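Next up is one chain by itself, shown in structure tokens, the form deposited in one PDB entry.
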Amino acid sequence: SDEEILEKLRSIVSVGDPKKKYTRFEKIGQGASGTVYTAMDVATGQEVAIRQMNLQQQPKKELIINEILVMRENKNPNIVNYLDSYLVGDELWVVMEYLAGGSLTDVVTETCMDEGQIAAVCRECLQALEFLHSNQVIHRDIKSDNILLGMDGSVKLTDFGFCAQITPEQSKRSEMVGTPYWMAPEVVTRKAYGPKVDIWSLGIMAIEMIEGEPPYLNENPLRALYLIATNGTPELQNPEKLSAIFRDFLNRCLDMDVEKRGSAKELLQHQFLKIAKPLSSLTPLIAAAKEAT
């Protein structure tokens, strides 16, 4: 009940109004969970990212609560940090750190990453996934739009509006919640998928860093799902241009047989990640992508 739900949120958030705590608001995006702004913390002077949402006009209240609770209790260096939340009337505020570097999508569509830079991004994403999966959380919507970058080359994952919390008693889900082009086949072909669906999505992001877009991008979402489920493991345009160790990494992420697909813990040991350049190597790409954005 919107009532029992509102009390739940009331217990979760900090008391009072945020309006006096932050200044210089600047819209930077929007989603089904609200509008996101860049703002200045009056006290600390830290620039943050604030999402404002009107509860009255919000379908799944349960999901927003779950999103906040998951972020609060699963802090990690590779996950955009959740700072606080407030509730003023029907206006819910969620405050988190701001990554000024933009998204990975901007980088892959505007620049050309080399393998050493790709291995670094993949490593950081895998660190977030290994952490989440070992903490019983499947993100379920891994894609370049949800990977943000710091001006120093930091790589962090965000938007837990679709994550799932599992347990040994119930280690699998069946809800279709991800984004078509990054969805693993089993999410379609059958019911009951596990944490490895995030590994598949990571593999698609790797293709993105290589080719600039995920497979079937020019195709209709409804169609893409069919193709993914029927063709399975995507085909690379110019496989011969990639190193043997990167090609092997890709095959382990995009394997059809879930059991055969590498897990996060396993892939963190993969030798492709060892050719990673320092994250500072991403700063030139971020600058270029940002200017073009």
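Note that residue numbering follows the sequence shown and begins at 1.
Asker: Decide which of the stretches 235 to 243 and 52 to 60 has the higher mean C-alpha B-factor, going by the entry.
Answerer: In the deposited entry, the stretch with the higher C-alpha B-factor mean is 52 to 60.
Asker: Which has higher Cα B-factors on average according to the PDB entry: 164 to 172 or 197 to 205?
Answerer: The entry gives the higher C-alpha B-factor average to 164 to 172.
Asker: Maximum C-alpha temperature factor per the entry, among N74, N146, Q117, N218, belongs to which one?
Answerer: Checking the PDB record, the top C-alpha B-factor among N74, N146, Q117, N218 is at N218.
Asker: In terms of recorded Cα temperature factor, pick the maximum from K19, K277, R10, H270.
Answerer: Most elevated C-alpha B-factor of the set, per the entry: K19.
Asker: Lowest, middle or highest third: where is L254 by C-alpha B factor in its chain?
Answerer: Tercile = middle for this residue's CA B-factor.
Asker: Could you look up the Cα B-factor of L99 in the entry and say which third of the chain it sits in: lowest, middle or highest?
Answerer: Middle third, going by the recorded CA B-factors of the chain.
Asker: Please place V107 in the lowest, middle or highest third of its chain according to the CA B-factor in the PDB entry.
Answerer: Middle third - that is where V107 ends up once the chain's C-alpha B-factors are sorted.
Asker: Name the third of the chain's ranked CA B-factors that contains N78, choosing lowest, middle or highest.
Answerer: Its C-alpha B-factor belongs to the lowest third of this chain's values.
Asker: State the tercile, meaning the lowest, middle or highest third, of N135 with respect to the CA B-factors recorded for its chain.
Answerer: Middle third of the chain for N135's C-alpha B-factor.
This next part talks about the form solved in complex with a small molecule, which is not shown.
Asker: In terms of non-hydrogen atoms within 4.5 angstroms, which of the given stretches 187 to 195, 112 to 120, 212 to 220, 151 to 159 touches the small molecule in the deposited complex?
Answerer: Stretch 151 to 159 is the one.
Asker: Classify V70 as contacting or not contacting the small molecule in the deposited complex by the rule of any non-hydrogen atom within 4.5 angstroms, answering yes or no.
Answerer: Output for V70 is yes: heavy atoms within 4.5 Å of the small molecule.
Asker: Heavy atom to heavy atom, is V137 within 4.5 Å of the small molecule in the deposited complex?
Answerer: Close contact exists here: in the deposited complex, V137 approaches the small molecule to within 4.5 Å, heavy atoms only.
Asker: Although the partner isn't part of this model, could you tell me whether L132 comes within 4.5 Å of the small molecule in the deposited complex, counting any heavy atom of the residue?
Answerer: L132 belongs to the contact set for the small molecule.
Asker: Closest heavy atom of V80 to the small molecule in the deposited complex, within 4.5 Å or not?
Answerer: Contact with the small molecule, yes.
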